[PDB]
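Structure file data-v7.tsv (TSV, C-alpha atoms) follows.
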```tsv
chain	number	residue	atom	x	y	z
M	1	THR	CA	243.15	86.16	7.15
M	2	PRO	CA	242.54	86.35	10.95
M	3	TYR	CA	241.29	89.94	10.72
M	4	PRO	CA	237.47	89.54	10.64
M	5	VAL	CA	237.52	86.02	12.14
M	6	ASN	CA	236.06	86.21	15.64
M	7	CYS	CA	236.01	83.45	18.27
M	8	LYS	CA	236.07	82.47	21.95
M	9	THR	CA	237.99	79.17	21.90
M	10	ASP	CA	240.62	77.69	19.54
M	11	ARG	CA	238.23	75.69	17.32
M	12	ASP	CA	235.82	78.67	17.40
M	13	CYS	CA	237.85	80.24	14.61
M	14	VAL	CA	237.42	77.06	12.51
M	15	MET	CA	236.23	79.38	9.70
M	16	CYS	CA	239.87	80.53	9.45
M	17	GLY	CA	241.54	77.12	9.73
M	18	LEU	CA	241.90	73.79	11.55
M	19	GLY	CA	242.80	74.96	15.04
M	20	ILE	CA	243.21	78.72	15.33
M	21	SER	CA	244.59	80.56	18.35
M	22	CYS	CA	241.89	82.89	19.66
M	23	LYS	CA	242.82	86.39	20.81
M	24	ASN	CA	240.66	89.07	22.50
M	25	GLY	CA	237.56	87.65	20.84
M	26	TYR	CA	239.29	87.25	17.45
M	27	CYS	CA	241.67	85.17	15.31
M	28	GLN	CA	245.45	85.24	15.79
M	29	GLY	CA	246.65	83.24	12.78
M	30	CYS	CA	244.97	80.23	11.17
M	31	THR	CA	246.30	78.47	8.03
```
Show the structure stored in the file as structure tokens.
Amino acid sequence: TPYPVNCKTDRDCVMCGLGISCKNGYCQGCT
């Protein structure tokens, strides 16, 4: 889930999935 998945860019949330939209320093919705 994109709850505790932080990031700056799209591929920064790679931990969540393959290309995740990054919100205010977090994950929007990976796979």
Please provide as a PDB file with C-alpha atoms, keeping the file's coordinate frame all residues within 10 Å of residue 10 in chain M, with the sequence filter that same-chain residues fewer than 4 positions apart are discarded (counting only C-alpha atoms).
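Below is the file out-v7.pdb, written as the result:
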```
ATOM      1  CA  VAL M  14     237.420  77.060  12.510  1.00  0.00           C
ATOM      2  CA  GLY M  17     241.540  77.120   9.730  1.00  0.00           C
ATOM      3  CA  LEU M  18     241.900  73.790  11.550  1.00  0.00           C
ATOM      4  CA  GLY M  19     242.800  74.960  15.040  1.00  0.00           C
ATOM      5  CA  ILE M  20     243.210  78.720  15.330  1.00  0.00           C
ATOM      6  CA  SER M  21     244.590  80.560  18.350  1.00  0.00           C
ATOM      7  CA  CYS M  22     241.890  82.890  19.660  1.00  0.00           C
ATOM      8  CA  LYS M  23     242.820  86.390  20.810  1.00  0.00           C
ATOM      9  CA  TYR M  26     239.290  87.250  17.450  1.00  0.00           C
ATOM     10  CA  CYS M  27     241.670  85.170  15.310  1.00  0.00           C
ATOM     11  CA  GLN M  28     245.450  85.240  15.790  1.00  0.00           C
ATOM     12  CA  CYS M  30     244.970  80.230  11.170  1.00  0.00           C
TER      13      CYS M  30
END
```
Draw an axis-aligned box tight on the listed atoms of range 10-18 of chain M, then pad every side by 4 Å and write out centre and edge lengths in Å to one decimal as AutoDock Vina command-line options.
```
--center_x 238.9 --center_y 77.2 --center_z 14.5 --size_x 14.1 --size_y 14.7 --size_z 18.1
```
Find the spatial neighbours of residue 5 in chain M, counting only C-alpha atoms, within a cut-off of 8 Å - ignore same-chain residues fewer than 2 positions away - and output them as a ChimeraX atom specification.
/M:1-3,7,13,15-16,26-27
Atom completion result for range 11-31 of chain M (N, CA, C and O atoms) as a PDB file, in the frame of the given file:
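Here's the written file selection-v6.pdb:
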```pdb
ATOM      1  N   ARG M  11     239.033  76.203  18.431  1.00  0.00           N
ATOM      2  CA  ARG M  11     238.230  75.690  17.320  1.00  0.00           C
ATOM      3  C   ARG M  11     237.038  76.606  16.979  1.00  0.00           C
ATOM      4  O   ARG M  11     236.261  76.299  16.073  1.00  0.00           O
ATOM      5  N   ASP M  12     236.907  77.740  17.677  1.00  0.00           N
ATOM      6  CA  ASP M  12     235.820  78.670  17.400  1.00  0.00           C
ATOM      7  C   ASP M  12     236.122  79.449  16.129  1.00  0.00           C
ATOM      8  O   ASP M  12     235.213  79.912  15.439  1.00  0.00           O
ATOM      9  N   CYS M  13     237.414  79.558  15.812  1.00  0.00           N
ATOM     10  CA  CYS M  13     237.850  80.240  14.610  1.00  0.00           C
ATOM     11  C   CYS M  13     238.042  79.238  13.468  1.00  0.00           C
ATOM     12  O   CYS M  13     238.819  79.484  12.545  1.00  0.00           O
ATOM     13  N   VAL M  14     237.327  78.101  13.538  1.00  0.00           N
ATOM     14  CA  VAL M  14     237.420  77.060  12.510  1.00  0.00           C
ATOM     15  C   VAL M  14     237.246  77.643  11.101  1.00  0.00           C
ATOM     16  O   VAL M  14     237.824  77.129  10.140  1.00  0.00           O
ATOM     17  N   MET M  15     236.463  78.723  10.988  1.00  0.00           N
ATOM     18  CA  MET M  15     236.230  79.380   9.700  1.00  0.00           C
ATOM     19  C   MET M  15     237.558  79.820   9.069  1.00  0.00           C
ATOM     20  O   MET M  15     237.678  79.881   7.844  1.00  0.00           O
ATOM     21  N   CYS M  16     238.552  80.112   9.914  1.00  0.00           N
ATOM     22  CA  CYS M  16     239.870  80.530   9.450  1.00  0.00           C
ATOM     23  C   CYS M  16     240.726  79.315   9.094  1.00  0.00           C
ATOM     24  O   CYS M  16     241.343  79.277   8.027  1.00  0.00           O
ATOM     25  N   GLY M  17     240.759  78.320   9.987  1.00  0.00           N
ATOM     26  CA  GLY M  17     241.540  77.120   9.730  1.00  0.00           C
ATOM     27  C   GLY M  17     241.239  75.988  10.707  1.00  0.00           C
ATOM     28  O   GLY M  17     240.276  76.059  11.474  1.00  0.00           O
ATOM     29  N   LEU M  18     242.069  74.943  10.673  1.00  0.00           N
ATOM     30  CA  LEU M  18     241.900  73.790  11.550  1.00  0.00           C
ATOM     31  C   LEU M  18     242.709  73.956  12.836  1.00  0.00           C
ATOM     32  O   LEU M  18     243.816  73.431  12.968  1.00  0.00           O
ATOM     33  N   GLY M  19     242.140  74.703  13.771  1.00  0.00           N
ATOM     34  CA  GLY M  19     242.800  74.960  15.040  1.00  0.00           C
ATOM     35  C   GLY M  19     243.481  76.307  15.056  1.00  0.00           C
ATOM     36  O   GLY M  19     244.681  76.406  14.795  1.00  0.00           O
ATOM     37  N   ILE M  20     242.701  77.351  15.324  1.00  0.00           N
ATOM     38  CA  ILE M  20     243.210  78.720  15.330  1.00  0.00           C
ATOM     39  C   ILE M  20     243.288  79.300  16.733  1.00  0.00           C
ATOM     40  O   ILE M  20     242.324  79.226  17.495  1.00  0.00           O
ATOM     41  N   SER M  21     244.423  79.920  17.054  1.00  0.00           N
ATOM     42  CA  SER M  21     244.590  80.560  18.350  1.00  0.00           C
ATOM     43  C   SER M  21     243.655  81.755  18.441  1.00  0.00           C
ATOM     44  O   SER M  21     243.640  82.606  17.550  1.00  0.00           O
ATOM     45  N   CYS M  22     242.852  81.803  19.496  1.00  0.00           N
ATOM     46  CA  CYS M  22     241.890  82.890  19.660  1.00  0.00           C
ATOM     47  C   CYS M  22     242.421  83.987  20.574  1.00  0.00           C
ATOM     48  O   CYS M  22     242.827  83.734  21.710  1.00  0.00           O
ATOM     49  N   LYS M  23     242.384  85.218  20.065  1.00  0.00           N
ATOM     50  CA  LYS M  23     242.820  86.390  20.810  1.00  0.00           C
ATOM     51  C   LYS M  23     241.617  87.028  21.493  1.00  0.00           C
ATOM     52  O   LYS M  23     240.611  86.353  21.696  1.00  0.00           O
ATOM     53  N   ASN M  24     241.729  88.316  21.838  1.00  0.00           N
ATOM     54  CA  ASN M  24     240.660  89.070  22.500  1.00  0.00           C
ATOM     55  C   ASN M  24     239.359  89.043  21.690  1.00  0.00           C
ATOM     56  O   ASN M  24     238.897  90.068  21.181  1.00  0.00           O
ATOM     57  N   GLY M  25     238.789  87.851  21.576  1.00  0.00           N
ATOM     58  CA  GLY M  25     237.560  87.650  20.840  1.00  0.00           C
ATOM     59  C   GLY M  25     237.772  87.594  19.335  1.00  0.00           C
ATOM     60  O   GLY M  25     236.826  87.808  18.574  1.00  0.00           O
ATOM     61  N   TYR M  26     239.006  87.309  18.893  1.00  0.00           N
ATOM     62  CA  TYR M  26     239.290  87.250  17.450  1.00  0.00           C
ATOM     63  C   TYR M  26     240.332  86.182  17.098  1.00  0.00           C
ATOM     64  O   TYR M  26     240.764  85.408  17.949  1.00  0.00           O
ATOM     65  N   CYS M  27     240.706  86.146  15.815  1.00  0.00           N
ATOM     66  CA  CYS M  27     241.670  85.170  15.310  1.00  0.00           C
ATOM     67  C   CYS M  27     243.097  85.723  15.335  1.00  0.00           C
ATOM     68  O   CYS M  27     243.336  86.883  14.995  1.00  0.00           O
ATOM     69  N   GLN M  28     244.039  84.868  15.727  1.00  0.00           N
ATOM     70  CA  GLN M  28     245.450  85.240  15.790  1.00  0.00           C
ATOM     71  C   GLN M  28     246.164  84.920  14.474  1.00  0.00           C
ATOM     72  O   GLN M  28     246.833  85.777  13.896  1.00  0.00           O
ATOM     73  N   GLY M  29     246.015  83.674  14.015  1.00  0.00           N
ATOM     74  CA  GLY M  29     246.650  83.240  12.780  1.00  0.00           C
ATOM     75  C   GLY M  29     246.339  81.791  12.463  1.00  0.00           C
ATOM     76  O   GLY M  29     246.946  80.882  13.035  1.00  0.00           O
ATOM     77  N   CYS M  30     245.383  81.577  11.562  1.00  0.00           N
ATOM     78  CA  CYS M  30     244.970  80.230  11.170  1.00  0.00           C
ATOM     79  C   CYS M  30     245.959  79.609  10.172  1.00  0.00           C
ATOM     80  O   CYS M  30     247.166  79.586  10.426  1.00  0.00           O
ATOM     81  N   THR M  31     245.451  79.095   9.047  1.00  0.00           N
ATOM     82  CA  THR M  31     246.300  78.470   8.030  1.00  0.00           C
ATOM     83  C   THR M  31     246.575  79.430   6.876  1.00  0.00           C
ATOM     84  O   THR M  31     245.632  80.123   6.436  1.00  0.00           O
TER      85      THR M  31
END
```
